[PDB]
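Positions are given from 1 along the sequence. These values consider heavy atoms only, across backbone and side chains, with no hydrogens, waters or symmetry-generated copies.
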Amino acid sequence: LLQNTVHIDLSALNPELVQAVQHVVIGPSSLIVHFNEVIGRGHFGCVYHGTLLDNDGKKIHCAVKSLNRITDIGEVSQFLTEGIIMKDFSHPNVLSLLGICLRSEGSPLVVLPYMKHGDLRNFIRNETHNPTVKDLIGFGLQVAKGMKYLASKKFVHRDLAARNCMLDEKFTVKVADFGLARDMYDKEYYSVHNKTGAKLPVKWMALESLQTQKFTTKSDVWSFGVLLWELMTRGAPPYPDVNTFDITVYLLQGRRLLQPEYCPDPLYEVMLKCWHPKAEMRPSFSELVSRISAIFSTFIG
């Protein structure tokens, strides 16, 4: 009934939740964390290279995030819930969750797939610079497919940006920074709606979010648009021009990020529609993949 959590007290939670997390739990024996080897740029002090042994021999290269012990009942239930949700998600352009390794009265371990080429923003910025404009558009198409899947699960991301997507060995893009992969440089776990005072990604936010701080799939669409802009500019900062405190007035005037050179015109059109003042008028992620795909296929311009 509680085969992987029998040794820790989760009685304060809903029993249905607890048995539901069982399949997400990984046993300590199956995981070797290489604590002297930190992942990528060392930008997340709490994430290390790991080796996950599965069913058969199956040795798997992974990224292991260590979190501070969670002592609040509400946050523990949030934590486990997000685990189940991410674990059950399954899409080629959505970062998956291998599982969580739980110990009593201690630090939870988030086990994620190792992403050989790090984050998208940095990738399009160094000299493994093989991507062409068409490839760049291709990356955007992948993000859109990932977002389409998320949206169909009624999952609002709230922080979509090039820095928050990863690339594996086959250069497959994965939308990250969500669920248990959200805020990875933070050792403390925080529920989505329980991180009062958090820094917001102002230059990636939709006009209505900048004023109400409410996010929807439509506001994620606005963010996708800026994400697209980042791609076509190979990682340029949006609005280096305007101060974060002036962004809202800037957009209310109708101003927008300018079309970068080489960015095909119909693609820029896609960006502009993503930045429509009325959220209901923006394209859904389904339509996004359709148009981008069409643009991508009939290009090499």
Side-chain angles (χ1 to χ4, degrees), residues 24-54 58-70 79 82-83 85-87 89-103 106-131 139 142-143 146 150 157-190 192 195 198-199 201 227 230-231 234-235:
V24 195
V25 181
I26 295 170
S29 302
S30 312
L31 183 70
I32 295 170
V33 190
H34 305 277
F35 291 110
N36 292 304
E37 292 175 43
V38 171
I39 289 284
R41 268 177 138 161
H43 268 77
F44 324 126
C46 53
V47 179
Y48 323 83
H49 286 275
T51 299
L52 176 70
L53 351 157
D54 202 304
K58 197 174 165 206
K59 282 214 172 187
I60 305 260
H61 189 174
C62 57
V64 184
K65 181 190 183 179
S66 180
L67 295 151
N68 296 317
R69 167 178 178 180
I70 304 173
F79 178 68
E82 293 205 67
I85 288 171
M86 190 174 184
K87 172 65 183 184
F89 276 165
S90 188
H91 184 274
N93 299 120
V94 174
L95 203 259
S96 44
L97 174 63
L98 301 187
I100 60 187
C101 190
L102 312 172
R103 285 199 174 184
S107 298
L109 257 38
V110 177
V111 185
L112 302 163
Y114 172 71
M115 289 293 118
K116 180 183 179 184
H117 294 285
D119 75 278
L120 184 54
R121 191 195 184 248
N122 287 326
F123 179 80
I124 61 186
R125 298 183 96 216
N126 108 31
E127 297 344 292
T128 170
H129 227 166
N130 210 14
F139 287 151
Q142 294 186 51
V143 175
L150 256 13
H157 192 288
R158 300 194 178 75
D159 199 0
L160 182 67
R163 62 170 180 279
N164 296 324
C165 290
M166 304 291 139
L167 284 107
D168 60 14
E169 64 293 350
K170 22 185 250 296
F171 304 93
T172 288
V173 183
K174 283 133 192 309
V175 173
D177 191 50
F178 78 91
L180 304 193
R182 173 183 67 252
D183 293 337
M184 296 216 59
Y185 179 45
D186 206 330
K187 237 239 161 184
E188 176 85 9
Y189 164 79
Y190 296 87
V192 165
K195 191 177 175 181
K199 175 160 96 166
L227 175 328
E230 288 183 278
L231 266 31
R234 291 176 189 274

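For CZ of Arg125, the number of neighbouring non-hydrogen atoms (other residues, nucleotides, ligands) closer than 6.0 Å is greater than 12. By the neighbour-count criterion of 12 heavy atoms within 6.0 Å, atom CG of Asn126 is densely surrounded, having more than that number from other residues, nucleotides or ligands.
By the 30° and 60° cut-offs, the orientation of the rings of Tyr185 relative to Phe44 is tilted. Ring geometry for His49 versus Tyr114: interplanar angle of 30 to 60°, hence tilted. Taking the six-membered ring for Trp and thresholds of 30 and 60 degrees, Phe89 and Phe178 have ring planes inclined between 30 and 60 degrees apart.
Applying side-chain contact (heavy atoms from CB on, under 4.5 Å) to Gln142 and the options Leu120, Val175, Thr172 leaves one that passes, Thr172. Each of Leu52, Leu109, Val111 was scored for a side-chain contact (heavy atoms from CB on, under 4.5 Å) with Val33, with one residue passing: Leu109.
Residues meeting the side chain to side chain donor-acceptor pair (under 3.5 Å) test with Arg182, sequence neighbours left out: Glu82.
Taking CD1 of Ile32 as the start and NZ of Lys59 as the end, the distance is 4.5 Å to the nearest 0.5 Å. The line from NZ of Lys65 to CD1 of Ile39 is 13.5 Å long, rounded to the nearest 0.5 Å. A distance of 5.5 Å separates CG in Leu160 from SG in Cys165, rounded to the nearest 0.5 Å. If you take CG on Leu112 and CE on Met166, they are separated by 10.0 Å, rounding to the nearest 0.5 Å. Here CG of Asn122 is found 7.5 Å from NE2 of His43. Values are rounded to the nearest 0.5 Å. Rounded to the nearest 0.5 Å, atoms CG (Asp183) and NZ (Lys199) are 11.5 Å apart.
In this structure, the side chain of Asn164 does not engage the main chain of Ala176 through any donor-acceptor pair within 3.5 Å.
In this structure, the side chains of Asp54 and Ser30 stay at 4.5 Å or more apart for every pair of heavy atoms.
Nearest heavy atom pair, residue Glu230 against residue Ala162, reads OE1-N, 2.9 Å. The shortest non-hydrogen separation linking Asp168 to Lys174 is OD2-CE, 3.5 Å.
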